[PDB]
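Just the one chain here, laid out as structure tokens, in the form solved without ligand DUC.
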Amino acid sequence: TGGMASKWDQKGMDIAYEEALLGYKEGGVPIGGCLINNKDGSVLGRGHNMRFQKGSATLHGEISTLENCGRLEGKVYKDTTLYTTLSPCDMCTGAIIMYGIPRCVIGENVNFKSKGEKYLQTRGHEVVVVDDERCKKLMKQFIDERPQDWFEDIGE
């Protein structure tokens, strides 16, 4: 779309936030997301961080989202938007780049931001930061109460 928001952007961020809330309720890292087809707004998949729920070192919210979409032909990704409640780390950024997902809509980049946000732009992707306070407050609460668990999720 460029500049103007996609008709499905609010739907996507609301779903990402719902996933983050669910993850928080399950005692995990409150980071969620979803992948939407820009063509019809269909939700290809949705998910949240599964580090605590599955003892996973790779299932960040974004990775879990992609995993939940299942095996897809490469072309499908080319016209989708990945929604994430928090700005992607270098790994999740790499996933978006590898699959060629053209747009990444981010809830906030205040609690966390890696060099990946800019790298996505360098690699030709459109990056949108909403600065969604609901996401920011939820993530901040987790960081406040379980700082070490947050650090573990990003190898800190």
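Just count from 1 along the sequence shown to find any residue number.
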Checklist entry - For the stretches 101 to 109 and 34 to 42, which has the higher mean C-alpha B-factor as given in the deposited record? => result 34 to 42
Item to check | 120 to 128 versus 66 to 74 - greater average Cα B-factor per the deposited record | outcome: 66 to 74
Item to check | Chain-relative CA temperature factor third for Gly27 | outcome: highest
Checklist entry - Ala20's Cα B-factor: lowest, middle or highest third of the chain? => result lowest
Checklist entry - Can you tell me which third, lowest, middle or highest, the CA B-factor of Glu156 falls into for its chain? => result highest
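Unshown form deposited with ligand DUC bound; subsequent notes refer to it.
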Checklist outcome for this item: Here the chain appears without its partner; judged in the deposited complex, the stretch of 66 to 74, 36 to 44, 88 to 96, 122 to 130 with heavy atoms within 4.5 Å of ligand DUC is 88 to 96
Checklist entry - Is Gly61 close to ligand DUC in the deposited complex, meaning a heavy atom pair under 4.5 Å apart or at it? => result yes
Checklist entry - Given that the partner is absent here, does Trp150 sit within 4.5 Å of ligand DUC in the deposited complex, heavy atoms only? => result yes
Checklist entry - Would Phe112 count as a contact of ligand DUC in the deposited complex, using a 4.5 angstroms cut-off between non-hydrogen atoms? => result yes
